[PDB]
Each structure stands twice: as structure tokens, then as C-alpha cells.
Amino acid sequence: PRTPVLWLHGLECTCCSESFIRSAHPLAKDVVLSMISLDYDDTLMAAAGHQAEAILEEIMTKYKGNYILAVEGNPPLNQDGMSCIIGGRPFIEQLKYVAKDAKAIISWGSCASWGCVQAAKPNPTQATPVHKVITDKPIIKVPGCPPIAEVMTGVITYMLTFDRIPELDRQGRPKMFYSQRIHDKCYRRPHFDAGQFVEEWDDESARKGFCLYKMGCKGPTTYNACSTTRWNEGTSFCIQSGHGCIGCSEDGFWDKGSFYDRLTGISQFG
């Protein structure tokens, strides 16, 4: 019996669902066919409307306290919650309903974890992360916009193998993936350490792969696996391809000033 996963979608861009299917180890194909039972998911499921909604009732009954709730996106509280409508009702009502009998909740991405772009000032929909709405259930936060594909399937794999949520840091993120700052093992560190920086795009320094701190790189204050695990089967990451980290796995990163403004107090990060 494969563990049922009910994958809900709130206010979102769908980057988390897309990242999931980029996983090389394991393949998303193998996750869906052999590891979980992906019983509700708006992006992939065959049923629509009344036939889709009826699945939730069936799974919650049959696997009470034995299904995982995965949430992509987040609930808005403004517009009486009707800036995100599902089956004619606010999304917050669906979220609360499915959460009550879940054995574990995964907040996929920065949207579910923290609020992400729709929660940036002035937050016209009062988009609210899942843990501020569901307060009586065990939640794992997997932040990033989106998180790395292998981090997402890594979390699932751990949960299915062990029937446990992995050890979390104090922000609710799994230590197995979010224990290092980007700046800890970033391959440009030897340049940072020698005070060798890009000062303008496509300068001689940029063509030599010098450090991106002075171009606004937020790697020194951002926790994720991008520098080591990297993206899309270890092909690259933001810094390797020439752009500073914008801090996308950190709470409120959209409202920490311009992405191209440098962190102050560089000595701090030596």
C-alpha cells in the first residue's frame, strides 16, 4: 500500500510542481508509480469538478491519519478568501478541511512556507503561509522559489522510507538540506576570501568567475543546497551561471531591498 498524497494548490505560480518533475534521483515517474499514491493534484489528475472533489472525501475516510497533505501556494485572507476559489469556496476552507486528518503536512516552496511573491509589500490578498493558518499539525517547510527538485523528492523519500518527518531546524526546515548557507561551499569563495569581485556586469572579473557579493549576492545569508547539490541534476546554480543569489529560500526575501544592493558589513561573512 503506497502512502496517499493529497497535493493542494493555493495562490501560486506552479513552480514547485514543475520543479518536482525535474527530479533525476528518484524520477518523478517512479515516485508517482511506485512510492506514493498521488490521489489529488489539480495539475495532473484526470478527474475534474465534482469527480475531483469527491476524491478528497474518499481518501480522508479510508486513510484517516495516514495520508500526507502537500500544499503548494498559500491561502489569501483578504477578499473574504475569494481571491482563491476552489469549488465555489475559499481555498482556506479546503486547506483546513484536508489538514485535520493528515498525518503530516509538507509546505512546498516559499509560498507555502513563508508567503513568497504575493506576500511581498503591500500584500493585497493577505496571502498567509500554511503554518500561520494550521497551528495544530506537524509541518515541514521546504522553502525556495522553487526548491531544488532533488530536495523535494528527497523529503518525500525520507518520509516514505521512515514514516517520520526528518529533523528540522528551528524554522521548520529539514537539516539534511538546509543546514548550510550558499556562501559556505560556494565555488567562488576563494575569490571572496581574496577580495576579488565583479563590480560591473561582463567586466573582466565576471569573465574570470570572481565573487558576486558586490553585485548583490545574498548567498552569505541564505540557507539552501544550491552550491553543492546544484540544480537540474547538478548542472548549475544561480552563481555558477553568473547571477548573485537573490535569497529565494529565506523568509521575506522580496522585501530585503534590491537584489543588486550589496549586503553591508562584509567582514561579517569572512
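When you see a residue number, it is the position in the sequence shown, counting from 1.
For the segment pair 242 to 250 and 17 to 25, the entry gives 17 to 25 the higher mean B-factor, averaged over Cα atoms. Mean CA B-factor, 83 to 91 versus 129 to 137: the higher value falls on 129 to 137. When the Cα B-factors of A225, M35, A48, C211 are read from the PDB record, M35 comes out highest. In the PDB entry, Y97 places in the highest third of its chain by CA B-factor. Ranked by Cα temperature factor within the chain, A120 sits in the lowest third according to the deposited record. Ranked against the other modelled residues of its chain, the C-alpha B-factor of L6 as given in the entry falls in the middle third. For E72, the recorded CA temperature factor ranks within the lowest third of the chain's modelled residues. Among all modelled residues in this chain, the alpha-carbon of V31 has a temperature factor (C-alpha) in the highest third.
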